[PDB]
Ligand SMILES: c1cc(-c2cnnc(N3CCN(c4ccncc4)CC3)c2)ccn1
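What follows is one chain in structure tokens, specifically the form deposited without the named molecule.
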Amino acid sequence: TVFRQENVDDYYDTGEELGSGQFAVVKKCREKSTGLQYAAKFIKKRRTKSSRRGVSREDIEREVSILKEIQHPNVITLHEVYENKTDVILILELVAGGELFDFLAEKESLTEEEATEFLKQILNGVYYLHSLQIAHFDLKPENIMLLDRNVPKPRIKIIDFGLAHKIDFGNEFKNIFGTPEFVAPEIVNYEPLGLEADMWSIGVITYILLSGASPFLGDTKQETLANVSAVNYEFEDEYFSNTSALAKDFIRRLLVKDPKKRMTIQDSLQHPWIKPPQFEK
């Protein structure tokens, strides 16, 4: 599939950089014809078929076609796509309040209600995605952004569909591996993956929201991955002493090694607490 090949600078002006990754940089931008603001994500293309640098066209097209499907308050909206010899440029909805990662770092310690307010929105977004058989495969605080960080209950959107896949056969067996702290055991063990992996990541996020600590983090990536595979985590009393038993129950039912025994997104919404690359160089 071909994208718009006109120079993006003829149609947009760019400003502040919002994110910078391995082979993707995000710049705030403004469409000249409307004055509307967006986030332009520049994805580096691969220069040769056998290269390890850049993103394969197959991977770029997958991200774009998934983004084209989705429209929901808790996920970003893709506006248009440009390309040139070096990059594919995705013009995405601007989420101006920053990453949840930074909000948590700057604020520190979310009450149980504040955690549940964020979590309910994440669950609603993932319910939408999973209903569409889309696995995100990279859920973590850095991939959730706030619309406005200066309100008591910030609204959020899930971003970064670079690892997302359609799961039309119940599982996928590809080169899929996210951030060690957040990946499920089946990712660590290179086993087929499905929607269940996202539910594990939600368990990790919930643990972090409530405590400010990461459940499986070791001093090296290999130790984190080993901890994940062994389900080597516990609720530290110093961080969880005023956290309800029902919140712990929720987490416990998500941080389950066997994907078939883990709560699904629908289970998570009915749970009583809620119901109304991977290598060191």
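The term rigid core refers to the maximal set of C-alpha atoms that superpose within 1.5 Å between the two forms. All residue numbers are counted from 1 along the displayed sequence. Only residues modelled in both forms are compared.
Quick note: we don't show the form deposited with the named molecule bound, though the next part is all about it.
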Checklist entry - So in the bound PDB entry, does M145 come within 4.5 Å of the named molecule, heavy atom to heavy atom? => result yes
Next on the checklist: So in the bound PDB entry, is the named molecule close enough to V26 to count as touching (4.5 Å, heavy atoms)?
Outcome noted: yes
Checklist entry - Does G19 reach the named molecule in the bound PDB entry, with heavy atoms at most 4.5 Å apart? => result yes
Next on the checklist: Test of understanding: in the bound PDB entry, would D198 fall inside 4.5 Å of the named molecule by heavy atoms?
Outcome noted: no
Checklist entry - Looking in the bound PDB entry, is the named molecule within 4.5 angstroms of a heavy atom from every one of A39, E99 and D160? => result yes
Item to check | Residue stretch of 120 to 128, 152 to 160, 205 to 213, 184 to 192 approaching the named molecule in the bound PDB entry, non-hydrogen atom distance within 4.5 Å | outcome: 152 to 160
Next on the checklist: Under a 4.5 angstroms heavy atom criterion, identify the one residue in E114, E93, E172, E83 near the named molecule in the bound PDB entry.
Outcome noted: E93
Item to check | Neighbours of the named molecule in the bound PDB entry among 63 to 80 [non-hydrogen atom within 4.5 angstroms] | outcome: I76
Next on the checklist: Requiring every Cα in the run to move by 2 Å or more, and the run to span 3 or more residues, what stretches do you find between the shown form and the other one with the rigid core held fixed?
Outcome noted: 19 to 23
